[PDB]
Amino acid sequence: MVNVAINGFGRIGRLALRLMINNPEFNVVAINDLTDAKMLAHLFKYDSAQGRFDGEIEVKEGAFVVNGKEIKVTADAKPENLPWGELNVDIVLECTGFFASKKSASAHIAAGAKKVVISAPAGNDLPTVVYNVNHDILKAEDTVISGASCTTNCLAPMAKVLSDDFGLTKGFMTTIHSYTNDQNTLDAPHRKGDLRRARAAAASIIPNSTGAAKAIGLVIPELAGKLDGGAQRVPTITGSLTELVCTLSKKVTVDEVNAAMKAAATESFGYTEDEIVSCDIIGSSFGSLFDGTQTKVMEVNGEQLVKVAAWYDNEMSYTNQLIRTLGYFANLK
């Protein structure tokens, strides 16, 4: 049984607890967050995207009792002051967004935790892992790692098939992506100066920069620098689609591409030919759901261009991948 601490009870941290709370292989011992515990428990109980929490949560002084399990609730802004050694913390899920580097997140290790998984891209000086693409790179001596990004966890298994089976040479991604909380509700100044995230999120198609395709080489080294792309933020609350237009080293047909994806299906990478829409991915356990109905291959004067697409719940899909990686990493001996 792995002793887990959650730093940051935002959308990822709350869904992480939903996924772990009834899993006897995990012992969530602590949640650290600066927000009032009553507000946090209310946000855990009721969720506009994922629905109501199936069980029970009680608020105590300095703790929650969730489905009969007591979890300490702390509110310390500095990780090195957190009681991880005293709680025998095996691994921290770092979800605040404020420690997205190996150096900054290593403060959890100073506090007594043995390992850390950062729920975000966190640089290139640490292992960056998409479960069931490259978690075999992890070593027992590793300390702080990155679980990559939500979009990377959708893109990577599908790009890995295109690279392995067909020798992908280059490609552009478009993620048609649910809006996020760093977009404004109504038009207003934006904290980071982004003129597009300043706009009313639910009113428009809103272009936004991405990093997942450009950073793919940390997960799939043979694709380093071979992908680029961007996002279009649209008025859905969660649920997203990653499209990829690419060139390959081999000529292919639509059904050959789809067969290769289905052959690579795992608990992390699903395959469907159902004509689903984005709400149908909400709550999915897959990190990525390949949609064979969206595959296209075109050919002009003997050269092909290929288009493919996979669904992901940018919330729950990514968190499922984080928990797979967290469990695997903590049990590596």
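Heads up: residue numbers just count along the shown sequence, starting at 1.
- The stretch 78-86 shows the higher mean C-alpha B-factor when 78-86 is compared against 153-161 in the entry.
- When the two stretches 163-171 and 137-145 are set side by side, the higher mean Cα temperature factor goes to 137-145.
- When the C-alpha B factors of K115, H177, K226, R199 are read from the deposited coordinates, the top value falls at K115.
- For the set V130, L248, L244, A122, the maximum C-alpha B-factor listed in the entry falls on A122.
- Among the modelled residues of its chain, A263 has a C-alpha B-factor that falls in the middle third according to the deposited record.
- Placement of the Cα temperature factor of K102 within the chain: highest third of the modelled residues, per the deposited record.
- Residue-level temperature factors show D194 in the middle third of its chain, judged at the C-alpha atom.
- Among the modelled residues of its chain, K60 has a C-alpha B-factor that falls in the highest third according to the deposited record.
- When the CA B factors of the chain's modelled residues are split into thirds, the value for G287 lands in the lowest one.
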